[PDB]
There are 2 protein chains.
Amino acid sequence: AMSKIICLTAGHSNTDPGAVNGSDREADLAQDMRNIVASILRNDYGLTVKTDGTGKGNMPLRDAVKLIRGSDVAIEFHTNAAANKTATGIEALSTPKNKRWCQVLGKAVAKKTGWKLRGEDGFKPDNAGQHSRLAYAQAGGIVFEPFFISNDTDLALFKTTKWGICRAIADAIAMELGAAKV
Amino acid sequence: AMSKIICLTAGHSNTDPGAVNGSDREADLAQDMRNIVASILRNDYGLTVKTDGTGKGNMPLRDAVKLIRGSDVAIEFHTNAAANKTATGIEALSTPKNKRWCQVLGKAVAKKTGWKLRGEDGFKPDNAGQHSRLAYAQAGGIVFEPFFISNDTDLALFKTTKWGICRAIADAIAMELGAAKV
Ligand SMILES: [Zn+2]
Ligand SMILES: [Zn+2]
């Protein structure tokens, strides 16, 4: 696990913040997910994590893809959104190579939240995907959408259990890599 | 600053979360402040920080005061609240003896955000106080309330710039303790 490289990035930016629900912005939620998961992987496990920093995300695709290629797992955090404010659940978009990783991530979040796993236990393939960062998924990264920002109830749960959810994600990544806590 | 000790805690708990504004809760914002500032002081400045953990707060007073007494500076993060939803500004409650630290913190946040300083450049004394954790300030800790959760505009600013606000706080603490800015 100490030879492994985990890439974590955040979708969207301060100027183009993705989906919004009130004063909650996708860009901000994605920044929190990337930062918290990164910090736990580094602190609790001493693992190598490469990121697009601690600020907002939306690293240029060219640069992102270079990071994807240099890593063992690469995850960009996003929130889902629908006009239907009852739409709910967890999904991760990637190539079939990454199905197991998508399922590990999705299950980690489902256990903590009771949210529904969409797709195949949280996996949706790139060949059928529609996304602003579909190119990231096509390149072998994972576009992870743990919840719909448009779902007020799920968003409230996320906001009240953010650190616990992100710890579940970090712990699941470490477990899959066989990394013990340090 | 390498031999100094900082204490950081958070107000309120998961099931008694303090003031709320929609699905934003004081306990959760306080947890973010405490965790982000602590992580910057530890990871960027290499300083020694004592905390009530990475979860929710409301460490018992007997325990909290042990940390206050064993630190060079001790801050519990809270949010202010009012019936008047346009009430605004920064305050830090502590003993008179501890005025300078309160003003350092408040002015740092004012510079970053443009928020108004309440009291004397952010300081308010423990001897005229009304607060659930007044006893934390009475012991010479600092009950820090950088903004009113009840103010939609200021809460939104916190939400969109929190990592910068928390870095401004961490920088102010480090520099006052003798460390070079990072
Ligand atoms: Zn997105
Ligand atoms: Zn409070």
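Keep in mind that the numbers below use all heavy atoms, side chains included, and drop hydrogens, waters and symmetry copies. Each chain gets a letter, A, B and so on, in the order the sequences are listed, and its residues count up from 1.
For the pair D152(A) and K85(A), the salt-bridge criterion is met [side-chain N within less than 4.0 Å of a carboxylate O].
Looking at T160(B), both its backbone and its side chain come within 4.5 Å of chain A, counting heavy atoms on both sides. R167(A) touches chain B through its side chain: at least one heavy atom from C-beta onward sits under 4.5 Å away, while N, CA, C and O do not. Proximity to chain A (any heavy atom under 4.5 Å) is shown, for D24(B), by both the backbone and the side chain.
The most heavy-atom pairs under 4.5 Å with chain A, out of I36(B), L155(B), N35(B), come from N35(B).
Using a 4.5 Å cut-off on side-chain heavy atoms (C-beta onward), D126(A) and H131(A) make no contact.
Using modelled atom types and a 3.5 Å distance limit, the side chains of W163(A) and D28(B) yield no donor-acceptor pair.
In this structure a side-chain-to-backbone donor-acceptor pair under 3.5 Å is present from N21(B) to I149(B).
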